[PDB]
């Protein structure tokens, strides 16, 4: 029951709801002053530019960004890079922070209790298909090929599923499907992740990407908001409820994935822990990145900040600066040091005689003279002092900064401010 012009009308009758929401507690000290969607990525992006540029390029120009925890950077970023819309053309990016009225009320008890507080505003949009996007994730998806796959099957809810290794399948929503892609068994974040049939080493996992018949969502949240034992969550409460009525279908992600190399596998990185954040950025620095960002058929929109060109200058001794598989964004000033496998964001000043290897330097970092950096993540505005050594003595990096179990170091201003180093340059 699909018309030949159906692929262009369904995005125009649809509304996306990005659950920027809370944080990732697994990113110890990267998030303490920001939400996980506002974590920097890619030299110039934040994570929420991925869950927003896929709505645009999918025709969905009606988004709803639900923000609760440390949203000042997020909201300022939406204001400055996602406020080119005109509300007359049926397009907007509405911010829906919890409405504060009394002393301390209305704080969004859950993921599914944030779309129910704002259920008097979303009704006004008059949307038939509600995409429910987790916007703390990194991907390149076309939701006008998932909306169709939702409309062909005659479904009421449509969960985007993609297989992942059973080792990491205890952190996502594992399901089980049939020949018609109907969800039979759904369980959220199990302790013993069930495997797929014919693939014992992999589990069919939910990505946090639900498409909903709007008439069904509203009747499902109002029918769940009165539940006293509910935890108010899509995975932990609702999707089991839809599944047990047999109204929940599964949409494979490889179908609706935008990738420039069809021979490759789909790219999904959720930046769960610190190690996967670091590994995810340097993938862009390699020679053949898994994530294409020089792609013009699916571009990513962000805050086009005005920065001068990246300047490389001679050190105090007149010598050269060497580079190898690195990204140097605008504003940077690298005074003749060695930079390898690194990602430097905007306005990173790197003075002389430094050595930087497999590092990620978030913006406005100042590296002092004669510093050695190996396998680290330097947070925003960190003023590294002269002669600092990082990533060569694991026993001396665990008791100064934070050091993951896999060997990744994280540097913040508070970590440096606690050792006496002044961070007011």
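Positions refer to the first chain, counted from 1. Heads up, when I say rigid core I mean the largest set of C-alphas that superpose within 1.5 Å between the two forms.
Asker: Superpose by the rigid core and compare 8-16 with 21-29; which one moves more, by C-alpha RMS, in 5 other deposited structures of this protein?
Answerer: Looking at 8-16 versus 21-29 in 5 other deposited structures of this protein, the farther one turns out to be 21-29.
Asker: Which is farther from the shown form in 5 other deposited structures of this protein in C-alpha RMS with the core fitted, 63-71 or 374-382?
Answerer: Higher root mean square deviation of C-alphas in 5 other deposited structures of this protein is shown by 63-71.
Asker: Of the other PDB entries compared that resolve residues on either side of residue 241, does at least a third omit it?
Answerer: In none of the comparable entries (those modelling both sides of it) is residue 241 left without coordinates.
Asker: May I ask whether residue 105 is missing from the deposited models in at least a third of the other compared entries?
Answerer: Across the other compared entries, residue 105 is absent from at least a third.
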